[PDB]
Amino acid sequence: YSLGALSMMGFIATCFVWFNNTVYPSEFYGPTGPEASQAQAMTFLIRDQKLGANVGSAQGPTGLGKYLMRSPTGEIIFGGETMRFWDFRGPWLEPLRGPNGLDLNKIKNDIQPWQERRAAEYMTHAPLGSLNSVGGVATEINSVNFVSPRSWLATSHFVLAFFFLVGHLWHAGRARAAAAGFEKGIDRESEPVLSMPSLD
Amino acid sequence: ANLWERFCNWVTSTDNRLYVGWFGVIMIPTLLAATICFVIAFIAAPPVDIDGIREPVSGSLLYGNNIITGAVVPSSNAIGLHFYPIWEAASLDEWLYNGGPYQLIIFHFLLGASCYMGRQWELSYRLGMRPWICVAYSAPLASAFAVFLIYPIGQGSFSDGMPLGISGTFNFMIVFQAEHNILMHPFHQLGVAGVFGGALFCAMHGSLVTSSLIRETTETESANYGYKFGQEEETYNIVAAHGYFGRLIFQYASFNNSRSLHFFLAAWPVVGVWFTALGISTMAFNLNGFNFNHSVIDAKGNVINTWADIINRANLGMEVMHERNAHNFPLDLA
Amino acid sequence: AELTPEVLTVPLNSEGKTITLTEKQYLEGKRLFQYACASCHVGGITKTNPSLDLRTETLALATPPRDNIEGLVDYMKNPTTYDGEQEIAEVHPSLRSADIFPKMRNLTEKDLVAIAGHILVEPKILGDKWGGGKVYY
Amino acid sequence: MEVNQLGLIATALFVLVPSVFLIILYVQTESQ
Amino acid sequence: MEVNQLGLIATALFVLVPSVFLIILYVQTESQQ
Amino acid sequence: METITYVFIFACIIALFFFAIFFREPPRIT
Amino acid sequence: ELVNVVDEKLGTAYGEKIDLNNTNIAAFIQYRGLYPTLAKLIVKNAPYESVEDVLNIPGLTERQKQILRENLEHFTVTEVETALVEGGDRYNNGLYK
Amino acid sequence: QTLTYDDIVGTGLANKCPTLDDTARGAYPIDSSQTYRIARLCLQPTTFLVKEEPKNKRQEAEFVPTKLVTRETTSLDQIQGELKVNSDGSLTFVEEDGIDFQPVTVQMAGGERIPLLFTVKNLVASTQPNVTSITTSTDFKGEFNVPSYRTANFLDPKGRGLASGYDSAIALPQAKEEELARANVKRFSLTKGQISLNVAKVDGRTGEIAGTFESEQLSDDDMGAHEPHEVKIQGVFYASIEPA
Amino acid sequence: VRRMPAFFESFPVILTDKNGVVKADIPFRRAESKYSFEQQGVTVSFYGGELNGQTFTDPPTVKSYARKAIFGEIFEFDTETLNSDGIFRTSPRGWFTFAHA
Amino acid sequence: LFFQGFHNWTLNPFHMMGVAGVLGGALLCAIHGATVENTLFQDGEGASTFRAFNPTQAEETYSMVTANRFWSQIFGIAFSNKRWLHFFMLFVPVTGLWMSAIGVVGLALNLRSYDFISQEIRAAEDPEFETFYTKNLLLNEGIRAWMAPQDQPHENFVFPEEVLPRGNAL
Ligand code: CLA
Ligand code: CLA
Ligand SMILES: CC(C)=CCC/C(C)=C/CC/C(C)=C/CC/C(C)=C/CC/C(C)=C/CC/C(C)=C/CC/C(C)=C/CC/C(C)=C/CC/C(C)=C/CC1=CC(=O)C(C)=C(C)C1=O
Ligand SMILES: CCCCCCCCCCCCCCCC(=O)OC[C@H](CO[C@@H]1O[C@H](CS(=O)(=O)O)[C@@H](O)[C@H](O)[C@H]1O)OC(=O)CCCCCCCCCCCCCCC
Ligand code: HEC
Ligand SMILES: CC1=C(/C=C/C(C)=C/C=C/C(C)=C/C=C/C=C(C)/C=C/C=C(C)/C=C/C2=C(C)CCCC2(C)C)C(C)(C)CCC1
Ligand code: OEY
Ligand SMILES: [Cl-]
Ligand SMILES: [Cl-]
Ligand SMILES: [Fe+2]
């Protein structure tokens, strides 16, 4: 029963550390995966906007906005692949939020340098890295010695939660068997199937 | 007795041709729904905008696929991890466009298969068997959870779960190597040892038991008729198979306890596939394969390439082409 | 091939004066570039603005010029845009901005020059790879 | 789709010929 | 000649299905006696 | 015709399952 | 009757020089002093009839007008090509390293 | 009221334009010696109509209703621009910027999917002359640009494109290229649309107006690979006018 | 024209000079292309055979002869008679070897 | 990865069969081991069941009859014949590797199952037609061009940046 409990808890722990940036502050743990991905869209919105791009009307190649598009319930959200992560919420990003989602006037006017810094920091500390701690995507060259605490903690506790479910099945099944008295095997002298009618 | 007891007794009857059981009560409806939807979608479903960019992929036979290219396509990236039941769509037409059948199939299937495992425990209890077959099955089940649930969770979208198709499976494997260098991950190398070794030990055990069948038939009938179902005795000479195999290698590299030998056959593939399921599950959180890119350099500092650098050039070819219209910014962070 | 004093000889200033570095300095400047810079500049690119790299030919055409140690050291004290028209210490690590980029706090002036020489030496070794990006991995 | 229309007859005989073989052997088995 | 493509499959089945049926009944007849 | 061929083969297999389960040679203890 | 408008442009002066009406803003990095400040102005004020209209941009400074003069030999103008200027592609054209 | 993001998120209201009370039937006086601007313009389509292909015999095409499949991603908003007073008295809105395009896919009977770039890029919309106040009978008519639905970097499934991509069908190395040219050679279309905006609600006090619109434009041609359809879009709009 | 090696179902069009310096190519990304036929003004002239004495200068024509040059010498083909599909097949040397091995 | 990018080996039915045989052999290995271990007769009185087996005993150490019923009711069919079962264990993996060998002999000659002509005819004509088969080829194309220069250095492949196939941004 406790291996049951523990396994379920380990899985929950795994998602806590992966998604939650409140009791696992990104200041201390690095950015979440959603967070880094959102941060990159912000970084390049910022850069291109400084060059003179109108980021609200920039139609990307697909016909969807290059920087901004709508979520399926219509909220203004960052564009590109990060469209999956629009549920992200973090203190560096919420000031640009209006009632309908990201607010283009706040985007045009109100981005402070501390947000450009955090977004750049977080994009370059995305929780991607190799088992031997080369940081980045799998095609990256050696140089950066980094794997996110969030990856370390989520992977370890997935593995641990999984094996503890296996332990649950092992010991629950065995407990049942042992309580009924056939954990050591079948009794040749009273083999239960031999007293059952044939299936056909 | 009373009605609920007649029912309980039927559900758990060891006399039904197929055991139902309490796990069966959930398994049957969920697998039926998953199977009917999958068969209909595979044949008839229209194209699905998998990556959320209004670039629909045709997966079904009626829209120009064959058995090898067809698939039920994962749900839209625009959806990410949102729950997308039929009733959340404004119309079946919208649900088909955004890949809803995929969510329906895999949720009902993970449920159904999780209960299939419980059913294996359940019947072994009603039969007075030992209980751990279901443990063996946890290895394949764990693997399905990884490609259909865990990997989408880490990456934030069901659009990156495994497609339900022959070629779609290949797509998923190539993108995976590009993004996680899975070949260079020890858990995947443990998976390959698992299945290679399982195939090996499978051929070995079969070859070795077949090699030592007791002459109980003539040359004109199948050897198999020398075994009668339920016979008290054994139909091969395990001592002779040890005598052969012990000499093939050496006497103690060979098993002479039938129970130790069969436990080994169970444990080798199960453990290895546990590891490779955990490999997908941890690469889901971007703890990737070993990275040895430009690891050897010479006295001046020139990069001296290894085979790891040659792999990396293939990976890069996968990286820059996959989902060719889907990235606007230079890093592909999930 | 080996790490020779000729490889380790780089412009000290726009004057064409030069300085020669030791194996030890170059490697210091590699450890330190890794510690403070590679997060964004791995292999000579700039992840947060790929348009600008650390190729010497790029540094050369920057204003002020930066294909030499002093101008690089200056950049790490008081960074500017490529045309020199704006200062950017608010968003780029620098001794000026060590309060907000804490990694720069404990960099001695000899640390900066090591970083500058590593930057200037590396493309002589790697050539195209440096600042070239994934095409050359 | 512009498929090979000899594929249909290839597939059909791929199935029919060996299946018939099996059926024939099975049925004459059951009748002795 | 510009001939009906399905004529081929039609002819093959037309021969094969009825013929196979007769052989099945013949062989299982011989195996009785 | 190709779609029909794939679906027909798939449907014969499903029928094969039915007969192989419910109309098997019953295993008997001889 | 059907041609790739972009390949055809490679055969014009766009293929040799910075086309002030078309080229992506990252190409101004090639010459000293143009990026980012003046490139932003050239592009914002884009469609020019002649390269030398660039010297008339409101508010240039005297050092800027001189930098432009030093680099008129690197500029050209060709007719605006819709496929090159839509989508905000003059600011970001999908090419990084 | 003053709602917050957390109030709206996931409800579908972020795709809705604001509205005005049934009691806003005032007029916004227009001071010819003043300069004006649209501070926010919101368009929210409610119906998408596609012209059917009248077979060779024809007689007359109709505009057939269609089913939307791309969800609450359709509205144009945060659009800004100056409201000029012309000297014949009319008003002219000149779009500057905003979220002025949405890709939309609707479905026709039979299952044909029709993508389009619903848009008012470069909208220029004028009133009738001698307009001294904006009222609940004030109309604007305008035209906008409709750029290609995909832009130039977009690659088709065989890797072909305009600004990138293969220039031939590389899987058929020795096919005659001539039958394939229309698909090998990508073309970027730019066409024009037309829109009427009929003012029906006016809060003279705040400068908010609201009404219905109808626009006509083409759908996607898939960078020249096939002929586009005519689309008629209908919906509602909201706008705030501030003095400049 | 750099010729197609047999390993490759597809192959880019790269032209080098007598010493193997890349001088012309058909680019994939066009935005930073420095070797396109239009920039380099490559022409094709034919000697012998059907086209002997001709020269084409328009880039799209030059490009389609460049794509066939990766296959070696260029021939006219009747594709209509057998409704050929444009994809290479193997020869009886190929089939024989395959079957016997 | 060479075999993926140049031969499209995953698409090859002879490999597909070999995969079935190797993964099917691993399956057989695990399910037979587990079935035996969980149908043992009680032949000793200890909790470690390994000590209750004598290689010279005459008797089956596990119950074919209960194993059979279990799988008949779990999975619909079951083995009934011990000899057939162990012959099947030899056959499946041995036959899979043989089929894979045949396909590689094909690839010795570049006789690949690389394409589906009908998809290519459609796709070349219909720029809206896309399947997982075309997506995979685009990946193959990326592998060949990005890996060949270093992988086959004796060819002196020189690919300028501009010819390298790449999707947007990456
Ligand atoms: C090698 C074995 C191993 C190791 C080293 C760890 C290590 C860790 N685990 Mg894991 N864990 C393991 C196995 C392991 N685990 C297994 C087998 C499972 C089950 C599958 C889990 C399940 C698990 C969960 C579910 C979680 C962890 C978490 C953690 C981390 C925090 C632990 C913590 O604070 O505990 C808590 C400490 C205690 C319970 C001890 C009592 C402490 C008291 C209550 C503290 C009072 C503090 C208070 C403020 C003081 C006030 C005093 C006064 C001022 C008023 C840590 C890195 C956490 C984490 O970071 O996950 C991402 C987490 O949430 N573990
Ligand atoms: C010789 C080369 C080789 C070999 C031997 C393997 C071997 C393996 N690979 Mg690796 N791989 C390779 C090359 C190779 N790979 C290459 C080159 C790449 C890069 C392109 C990869 C990329 C890769 C990825 C990305 C993944 C693998 C995985 C795996 C495993 C697949 C088998 C499995 O998951 O079983 C586990 C069992 C199952 C998945 C089956 C579950 C069955 C469910 C519960 C029941 C289904 C019932 C069915 C629907 C109905 C039947 C009813 C019927 C009777 C009517 C195995 C360890 C996978 C893995 O580890 O998954 C965990 C994985 O995801 N590989
Ligand atoms: C048309 C639409 C809608 C359809 C959906 C399309 C869909 C995608 C389907 C496609 C299907 C597809 C194309 C299939 C491809 C499969 C493929 C590649 C074929 C391989 C062909 C082939 C001949 C390969 C050669 C190698 C080969 C011989 C492999 C054989 C593998 C195989 C059958 C292994 C056995 C698997 C298995 C489940 C075993 C069951 C055994 C079992 C009942 C054990 C229980 C048991 C254990 C005991 O220990 C004891 C004691 C007892 C008593 C007992 O009982
Ligand atoms: C200092 C460094 C750190 C040190 C760390 C130490 C780590 C070592 C861990 C030791 C674990 C103990 C062994 C495992 C338990 C065991 O003994 O089994 C119990 C049985 C009993 O054996 C049987 O034993 C019987 C006697 S009895 O049962 O023990 O009483 C006897 O009857 C029979 O003949 C005999 O075969 O073992 C056997 O059946 C023999 C086969 C052993 C199989 C190994 C275990 C499972 C393998 C999984 C690995 C898969 C690999 C993945 C492939 C990809
Ligand atoms: C990410 C936040 C960065 C870190 C960490 C470091 N640098 Fe950087 N660098 C970064 C950006 C975004 C830019 C572009 C600035 C702009 O002009 O808008 C730069 C630029 C430089 C340059 C100039 C290169 C040129 O071609 O002109 C240099 C010389 C440089 N950066 C050096 C540098 C060093 C030495 C660092 C370690 C201490 C370092 N940077 C960190 C982003 C980031
Ligand atoms: C009572 C009971 C029981 C039984 C149960 C059952 C038997 C169930 C069934 C169930 C079922 C039987 C269900 C099913 C389901 C289904 C589904 C859910 C489906 C869906 C589908 C879809 C939705 C589709 C759609 C589509 C597509 C995909 C494409 C084309 C178009 C269309 C639209 C058609 C038992 C014995 C256990 C015991 C207890 C009691
Ligand atoms: O790998 Mn590459 O990374 Ca995981 O997302 Mn970003 O691109 Mn896309 O949608 Mn499926 O795939
Ligand atoms: Cl892809
Ligand atoms: Cl992106
Ligand atoms: Fe056995």
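Residues numbered from 1 in each chain as written, not as in the entry; some residues may be left out. Chains lettered and ligands numbered in written order. Part of a larger assembly, values for the part shown. Heavy atoms only, no water. Residues with missing side-chain atoms left out of burial classes, pairs and counts.

Per the PDB record, this model was obtained through X-ray crystallography at a reported resolution of 2.0700 Å.

Chemist: Account for the site of ligand 6, naming residues and giving values.
Modeler: All names here are of chain B. Contacts to ligand 6 come from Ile-28, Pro-29, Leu-32, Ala-33, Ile-36, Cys-37, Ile-40, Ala-41, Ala-45, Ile-86, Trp-95 and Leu-96. Protein coverage of the free-state accessible area of ligand 6, which is 960 Å², stands at 57%. Every element with two or more residues in the shell around ligand 6 is listed here: α2 (21–44) and α3 (92–98). Ranked by residue count, the leading element in the shell around ligand 6 is α2, at 8 residues. In terms of residue class, the shell around ligand 6 is made up of 12 nonpolar, no polar and no charged. (Near = heavy atom within 4 Å. Areas by Shrake-Rupley, 256 points an atom, 1.4 Å probe, with all protein chains shown as cover. Helix = DSSP H or I, 4+ residues; strand = E, 2+ residues; numbered from the N terminus. Nonpolar A, V, L, I, M, F, W, Y, C, P; charged D, E, K, R; others polar.)

Chemist: Give a description of the interface of chain B and chain J that names residues and reports values.
Modeler: Taken together, the 102 residues of chain B in the interface contact 80 residues of chain J. Our count for the contact surface shared by chain B and chain J stands at 5 salt bridges. Inspection of the region where chain B meets chain J yields 35 residue pairs in polar contact. Partitioned by chemical class, the residues of the side of chain B that touches chain J number 53 nonpolar, 33 polar and 16 charged. (Contact = heavy atoms within 4.5 Å. Salt bridge = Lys/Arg side-chain N within 4 Å of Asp/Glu carboxyl O. Polar contact = N/O pair within 3.5 Å; in protein donor to acceptor, adjacent residues only side chain to side chain.)

Chemist: If you had to explain the pattern of salt bridges to someone new, which residues and values would you point to?
Modeler: For the coordinates displayed, the defined rule picks out 53 salt bridges over all chains. Among the ionic pairs, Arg-84 of chain A bridges to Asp-160 of chain B, the shortest N-O distance being 3.0 Å. Note that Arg-84 of chain A is positioned in the loop between β2 (76–78) and β3 (97–98) and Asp-160 of chain B in the loop between α5 (133–155) and β2 (164–165), a pairing that runs across two chains. On the accessibility criterion, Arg-84 of chain A (4% relative accessible area) is buried. Between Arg-2 of chain I and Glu-155 of chain J there is a salt bridge whose closest N-O contact spans 3.0 Å. Of this pair, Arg-2 of chain I sits in the segment before β1 (14–16) while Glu-155 of chain J is found in the segment after α6 (132–151), placing the two residues in two different chains. A relative accessible area of 24% places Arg-2 of chain I in the partly exposed class. Counted as one network, the salt bridges with shared partners bring together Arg-89, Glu-94 and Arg-97 of chain A together with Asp-6 of chain H. (Buried < 20%, exposed > 50% of the residue type's maximum accessible area, 1.4 Å probe, protein only.)

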